[PDB]
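Values below: every heavy atom of this structure, side chains too, minus hydrogens, waters and symmetry copies. Both counts, for ligands and for their atoms, begin at 1 and track the order of listing. Counting from 1, the numbers follow the sequence of the chain as shown.
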Amino acid sequence: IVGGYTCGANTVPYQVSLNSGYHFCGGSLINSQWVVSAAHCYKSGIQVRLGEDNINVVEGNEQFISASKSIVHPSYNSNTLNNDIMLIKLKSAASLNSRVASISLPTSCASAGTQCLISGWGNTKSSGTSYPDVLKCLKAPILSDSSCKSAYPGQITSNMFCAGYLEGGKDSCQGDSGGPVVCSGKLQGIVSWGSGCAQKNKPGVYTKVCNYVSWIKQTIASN
Ligand SMILES: NC1CCCCCC1
Ligand SMILES: [Ca+2]
């Protein structure tokens, strides 16, 4: 997260770290046994880490649970990044409490202008590289479809939205991939892609979760 702030330990209880020997992506806990992330985060040997603040220190609220299965969206295209969503099932159900909690799926899509909370352990620099270890947060508005399409000609599908600031300075970045965009208590977005981080006229692009609620529920119901 570039241009954000320190969330505070366990203040974002649905935020997970995906670990394969190291943090490589964020995710969102959506029930006791399932996490939503980005398809571009797919890899084998995933351990889901819940209740994290400092990802390099065991602080006492963590639950580490190995993934039993990963399900990338059937129509994920790794070239265009269309349908950038994946589900991860935990080998065992997490113990839900005030610091490890699920986030609600949307019942309706969010509109341009809605303020959202974006979070993660990614790079905090727009040019250099610095990784923070504690969870960072950013409040950002959803941008209009027209401004999003104008920012990225020929690249924005109906399954993507832009959020952030056209002036630059505030954005999600490398390592925030797969993490939450939460607006009014609903998971509306997944950190997906962009051209660099926090660059002028290049806001972050996010997977439009409201398009996938039916798929998420049917998939969970049968797996
Ligand atoms: N806003 C994006 C975050 C996902 C990873 C690519 C960098 C830019
Ligand atoms: Ca920790």
Do any N or O atoms from the side chain of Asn54 and from the backbone of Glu59 form a donor-acceptor pair under 3.5 angstrom? no
Heavy-atom contact under 4.0 Å between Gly196 and ligand 1? yes
Among side-chain atoms of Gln15 and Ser119, is any donor-acceptor pair under 3.5 angstrom? yes
For ligand 1, which atoms sit closer than 4.0 Å to a heavy atom of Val191? 3 (C), 4 (C)
Of all N/O/S atoms in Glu52, which lies nearest to the Ca ion (ligand 2)? OE1
Go through ligand 1 atom by atom and flag the ones less than 4.0 Å from a non-hydrogen atom of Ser177. 4 (C), 5 (C)
Answer yes or no as to whether an N/O/S atom of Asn54 is found below 3.0 Å from the Ca ion (ligand 2). yes
How large, to 10°, is the angle at the Ca ion (ligand 2) when you draw lines to O on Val57 and to OE2 on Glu62? 90°
Return yes when atom OH of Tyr131 has more than 12 non-hydrogen atoms of other residues, nucleotides or ligands closer than 6.0 Å, and no otherwise. yes
From the list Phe161, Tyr206, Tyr152, ring-ring contact (aromatic ring centres under 6.0 Å, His included) with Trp193 holds only for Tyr152
Option among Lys208, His73, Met160 that satisfies the side chain to side chain contact (heavy atoms under 4.5 Å, CB included) test with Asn83: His73
Could you list the atoms of ligand 1 found under 4.0 angstrom from a heavy atom of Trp193? 1 (N), 2 (C)
In a table with atom names and distances, give each donor-acceptor pair under 3.5 Å that connects a side chain of residues 91-107 to protein atoms at least two apart or in another chain.
residue, atom, partner, partner atom, Å
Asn97, OD1, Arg99, N, 2.8
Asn97, OD1, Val100, N, 2.8
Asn97, ND2, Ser95, O, 3.4

Does ligand 1 have an atom under 4.0 Å from some heavy atom of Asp176? no
Heavy-atom contacts with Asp171 under 4.0 Å: which atoms of ligand 1 show up? List them by number with element. 1 (N)
Do the side chain of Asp171 and the main chain of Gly164 share a donor and acceptor less than 3.5 angstrom apart? no
Can you confirm whether more than 12 heavy atoms, excluding those of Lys69, are under 6.0 Å from its NZ atom? no
Going by heavy-atom distance to atom 3 (C) of ligand 1, choose the closest among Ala38, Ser172, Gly26, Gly194. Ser172
Is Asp53 close enough that one of its N/O/S atoms sits under 3.0 Å from the Ca ion (ligand 2)? no
